[PDB]
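Take a look at the structure set out below.
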Ligand SMILES: Nc1ncnc2c1ncn2[C@@H]1O[C@H](COP(=O)(O)OP(=O)(O)OP(=O)(O)O)[C@@H](O)[C@H]1O
Ligand SMILES: Nc1ncnc2c1ncn2[C@@H]1O[C@H](COP(=O)(O)OP(=O)(O)OP(=O)(O)O)[C@@H](O)[C@H]1O
Ligand SMILES: Nc1ncnc2c1ncn2[C@@H]1O[C@H](COP(=O)(O)OP(=O)(O)OP(=O)(O)O)[C@@H](O)[C@H]1O
Ligand SMILES: [Mg+2]
Ligand SMILES: [Mg+2]
Ligand SMILES: [Mg+2]
Ligand SMILES: [Zn+2]
Ligand SMILES: [Zn+2]
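Chains as they are written, first to last, in the authors' numbering: chain Q, 7 to 167; chain E, 17 to 276; chain K, 17 to 276; chain J, 17 to 276.
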């Protein structure tokens with residue numbers, strides 16, 4: 007037998023925040039706990055809210071790669087590519103893309119993205135029924151608005167075309 | 017055929033919900049407590065079958081998806097951890113609901129659980145193994161019951177009775193109490209003859225709770241429905257594994273020897 | 017035949033309860049004292065058959081339990097061990113009602129016993145071998161009979177009368193008695209004939225309880241029902257061990273000279 | 017008509033208090049002691065009626081409470097159990113005052129005991145069966161009497177006299193005593209006549225408590241109040257059960273021969 011963890015395979019276009027949240031919820035860890043295990047401290051707790059004041063470094067991502075067992079390049083593929091500007095707030099979601107695959111796309115957080123290219127829908131910045139801003143992607147235990155308990159996949163037919 | 021045998025022994029080894037008279041009268045009692053919104057405390061000796069009855073009750077009144085509002089949940093079934101503080105009780109009562117709270121502090125958590133309880137309009141709070149809670153948490157349970165008008169049903173063994181007798185204000189509101197049944201008397205005959213084919217589901221040897229079988233069972237179970245449950249299931253596993261058609265006297269005497 | 021022989025010897029080892037005028041009088045008097053909560057003290061010799069009569073009065077009112085309330089046991093029988101203290105006695109009271117105890121002081125045990133006693137609605141408190149418990153517990157049983165109003169029957173040998181005589185309150189409060197008789201007479205012959213018919217359960221060889229057999233049994237048992245049971249069972253088992261279908265004179269002579 | 021029989025037997029099963037010169041004398045004695053704050057010790061025989069008369073005294077002048085202030089409970093009546101300790105005495109003393117016990121050590125228990133006693137402004141403390149509680153507690157009852165000035169009164173059998181004899185301080189402080197009488201003679205006849213008038217509450221049968229039944233009662237009860245109660249109630253219930261309207265000589269003779 008060899009040391010192991012509840013590994014999670016990353017999605018396509020998922021966020022670093024959402025992937026780390028899924029990794030934590032499948033390992034019953036905590037942001038401080040994940041950081042301490044990785045060896046980088048509370049920096050992880052920062053990444054879950056997209057505060058990349060000092061962009062996630064190559065070392066700070068290799069240390070994560072050692073723990074979550076995902077290749078460092080595959081890790082960088084959930085951060086915005088070098089030079090692309092993202093908004094850490096508000097957290098934005100497309101209902102149809104969540105119904106297709108239950109994840110949060112880092113591409114939704116780009117400053118330049120307002121339309122889902124494969125759904126032709128104006129992506130959502132707040133819950134379309136109760137105007138409740140979405141939580142951090144790592145905090146999505148499941149696909150529902152916290153205040154109104156409306157499933158994320160449902161919101162697809164409330165969001166405008 | 018060994019695949020069919022393994023499926024059968026998988027059914028046996030799995031804990032199955034089985035209808036009794038006691039579970040039905042418990043359900044009637046709990047419906048009365050719902051319509052009254054009055055606190056109660058079902059108590060009974062170990063392995064008498066309180067947990068399964070409460071689970072069947074909460075499955076009977078399953079939560080309904082509400083369209084205008086977040087869904088309403090009729091009953092909340094929680095089994096806390098041994099010597100767990102009120103923070104963990106609040107965590108469990110929120111997590112049973114679809115809601116979820118992190119960070120914060122104890123006062124924040126109690127406020128949040130008050131809000132989620134009033135939002136869902138929860139009728140009863142069946143706490144399983146109520147004596148696992150720390151005595152300070154019982155004050156919080158009283159506060160929840162008094163502020164939300166929610167019927168709290170304290171499920172546990174006589175240790176729960178001693179624990180609630182230890183403190184005054186905790187026992188103050190739980191005047192009513194339901195004592196569970198040992199099932200002694202002629203009821204053993206009905207329960208055994210029903211369990212012969214209701215649960216086991218094998219070609220019966222027409223035991224029909226025969227004198228030898230019934231007396232060997234009363235020498236091992238003493239009315240503990242859980243006892244007879246696992247004894248009969250394990251004995252059926254032994255009989256089927258060795259290639260026997262139906263159970264016999266030897267396997268019953270062996271399992272009774274290993275039990276007593 | 018060997019299996020039949022084993023069944024016969026096993027049955028002969030097991031003791032039975034034939035209802036005769038002694039137990040009839042005892043439980044008639046017990047019902048009379050129960051209907052008025054009159055605390056009495058039945059007394060008698062040793063190895064005469066008082067406990068079996070008590071046992072019968074205990075099982076005849078087999079408790080009928082409701083669906084969701086504590087069972088109503090009207091008659092409570094306890095046989096405290098040698099030098100039984102108050103904690104032990106209360107433990108036995110609450111254990112008979114199927115209420116497992118919780119660790120605590122003597123006051124906690126007393127309170128739990130009082131609670132389960134009033135809740136169950138007991139009518140009788142039968143304390144056999146009541147010459148075993150300490151006198152510091154007779155105050156407790158006095159309080160039980162006084163405040164809770166439960167008729168207590170102190171059962172034991174004539175040494176119980178000596179034990180209670182040196183005390184003050186227990187002798188005056190418990191004064192009604194029912195001494196067990198010797199049974200010698202024509203009723204003794206009826207007893208032995210009935211024992212031959214039912215208890216022995218042997219094939220009808222027309223033993224008929226002849227005069228010589230009656231004289232031998234009178235010289236052996238000295239009027240004791242227990243002595244009669246032991247001698248009859250020993251004779252039957254010894255006859256069945258040597259292949260003799262019925263019970264002859266040699267086995268009776270052998271058991272009589274073995275005993276005296 | 018059967019329901020009338022049920023009402024009559026229920027009334028007979030319950031025990032009523034019959035006024036008499038002895039209880040009046042006890043009332044006057046306790047009034048004098050409470051007005052004097054004198055620690056007395058009432059004594060008497062077995063089945064002489066001390067507990068009933070003490071209950072009459074505690075029931076006569078009930079605590080007249082203030083609307084929002086603690087009740088001015090003037091009299092505290094307890095009968096601590098066998099070998100009662102100081103903590104148990106405090107528990108009973110605080111449970112009488114309708115003040116729920118707070119868990120703690122003996123020091124804080126005693127503190128809260130003193131505080132509640134002073135808050136209620138108790139005048140006289142009456143302790144039934146005071147021959148049981150251990151001598152470690154008589155020091156504390158002496159402390160209560162000395163520092164608060166409450167008339168401490170002890171009930172018990174004549175063994176209580178020796179119990180206080182073996183110790184010095186309680187032997188001295190509890191020096192006022194009132195021996196319970198035997199009440200036999202012409203006063204016994206008056207008691208019997210008034211018992212037949214009020215306690216039996218049966219139709220006027222012109223029995224008028226004849227001399228023969230006076231002799232029978234003297235030979236059976238020997239003048240004890242409790243024995244008179246027991247025998248009269250048993251005779252009444254036996255007469256009513258068999259359909260008889262009045263009491264008969266045979267019934268009284270039967271209940272007499274069953275007691276002596
Ligand atoms: N109504 C029932 N139908 C079928 N099985 C039952 C029932 N009640 C109890 N059992 C059996 O009893 C066991 C579990 O009993 P359960 O936990 O409900 O009892 P309990 O008296 O609440 O005791 P404990 O608190 O010690 O768990 C299992 O073997 C289960 O199959
Ligand atoms: N009604 C009965 N029918 C059959 N056997 C009886 C009956 N009563 C007593 N016996 C016999 O008496 C013997 C034991 O009697 P039991 O234990 O009742 O005595 P006891 O009077 O309570 O005295 P002890 O204090 O000496 O035990 C056994 O052999 C039992 O079979
Ligand atoms: N005034 C009364 N009226 C009716 N019955 C009475 C009265 N006084 C005593 N009794 C009877 O006497 C019995 C209770 O007597 P009590 O408890 O006072 O006895 P005691 O001699 O103080 O007892 P102990 O020996 O335990 O100290 C009951 O049967 C009750 O009916
Ligand atoms: Mg259970
Ligand atoms: Mg015996
Ligand atoms: Mg008294
Ligand atoms: Zn989309
Ligand atoms: Zn919402």
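The beta carbon of each residue, even a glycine, is placed where N, CA and C say it ideally should be.
The alpha carbon of residue 104 (chain Q) has as its nearest neighbour, out of Q:72, Q:143, Q:12, the alpha carbon of Q:143. Cβ atoms of residue 167 (chain K) and residue 133 (chain K) stay farther apart than 8 Å, at about 13 Å. If only uninterrupted alpha helix (DSSP H) runs of at least 4 residues are considered, those enclosed by the stretch 65–90 of chain J are 66–76. Separation of the CB atoms of residue 28 (chain J) and residue 249 (chain J) is rounded to 5 Å, and the pair is thereby assigned contact status at 8 Å. For residue 144 (chain E), the uninterrupted beta strand (DSSP E) run begins and ends at 140–144, by DSSP. Here the C-alpha atom of residue 145 (chain Q) lies approximately 33 Å from the C-alpha atom of residue 7 (chain Q). Residue pairing by DSSP places residue 27 (chain Q) in no beta bridge whatsoever. In terms of Cβ geometry, residue 174 (chain K) and residue 60 (chain K) form a close pair [threshold 9 Å]. For residue 123 (chain K), the chain J residues whose Cβ falls inside 7 Å of its Cβ are 104, in order along the chain. The Cβ atoms of residue 58 (chain E) and residue 72 (chain E) lie no closer than 9 Å to each other. Contact holds between the stretch 87–102 of chain Q and the stretch 112–131 of chain Q, because three or more Cβ pairs, one in each stretch, are under 8 Å apart.
Counting only runs of 3+ residues, the beta strand (DSSP E) found wholly inside the stretch 111–198 of chain J occupies 140–143, 167–170, 192–195, in chain order.
Taking 9 Å as the threshold, the shortest C-beta distance from residue 147 (chain Q) to chain E falls below it.
For residue 100 (chain E), the pairing in a beta bridge is given by DSSP as E:149. Among the residues of the stretch 172–189 of chain K, none has a Cβ less than 7 Å away from any Cβ of chain E.
Looking from the CA of residue 202 (chain E), the closest CA among K:273, K:45, K:81 belongs to K:81.
Spanning the alpha carbons of residue 194 (chain K) and residue 272 (chain J) requires a straight line of approximately 15 Å. Assignment of residue 244 (chain J) by DSSP, reduced to helix, strand and coil, places it in the helix class.
For residue 57 (chain J), the enclosing beta strand (DSSP E) starts and ends at 56–59. Only residues of its own chain outside the window of five on either side were considered, and among them 239 have a CB closer than 6 Å to the CB of residue 199 (chain K), listed in chain order.
DSSP lists no bridge partner for residue 136 (chain Q). Contact between the stretch 99–109 of chain K and the stretch 118–138 of chain K is present, with at least three C-beta pairs closer than 8 Å. Rounded to the nearest whole angstrom, the CA to CA distance from residue 212 (chain E) to residue 259 (chain J) is 53 Å. Relative to ligand 7, residue 129 (chain Q) has its C-beta within less than 8 Å of a heavy atom. Not one beta carbon of chain J lies nearer than 9 Å to the beta carbon of residue 99 (chain K). A distance below 7 Å between beta-carbons, with the five flanking residues on each side excluded, links residue 54 (chain K) to the following residues of its chain, in chain order: 167, 192. Contact of residue 197 (chain E) with chain K by beta-carbon distance below 7 Å involves 81. Here residue 150 (chain Q) is bridged, per DSSP, to Q:157. The count of Cβ pairs closer than 8 Å, one atom from the stretch 219–234 of chain J and one from the stretch 252–269 of chain J, reaches three, so the stretches are in contact. Close to chain J, meaning a Cβ-Cβ distance shorter than 9 Å, are the following residues of the stretch 37–55 of chain K: 51, 52, 53, 54. Shown in chain order are the members of the stretch 126–148 of chain J whose Cβ falls below 9 Å from a Cβ of chain K: 145, 148.
Annotated as proximal: residue 78 (chain Q) and residue 71 (chain Q), with beta-carbon spacing under 9 Å. Identification of chain J residues near residue 192 (chain K) by a Cβ-Cβ cut-off of 8 Å yields 274, 275, ordered along the chain. Between the stretch 107–121 of chain Q and the stretch 12–25 of chain Q there are three or more C-beta pairs closer than 8 Å, enough to call the two in contact. Your pair residue 93 (chain J) and residue 112 (chain J) checks out as a contact, with CB atoms roughly 7 Å apart and the cut at 8 Å. Taking every residue with its beta carbon within less than 7 Å of a heavy atom belonging to ligand 8 gives, in chain order, Q:133, Q:135, Q:136, Q:138, Q:151, Q:153, Q:154, Q:156.
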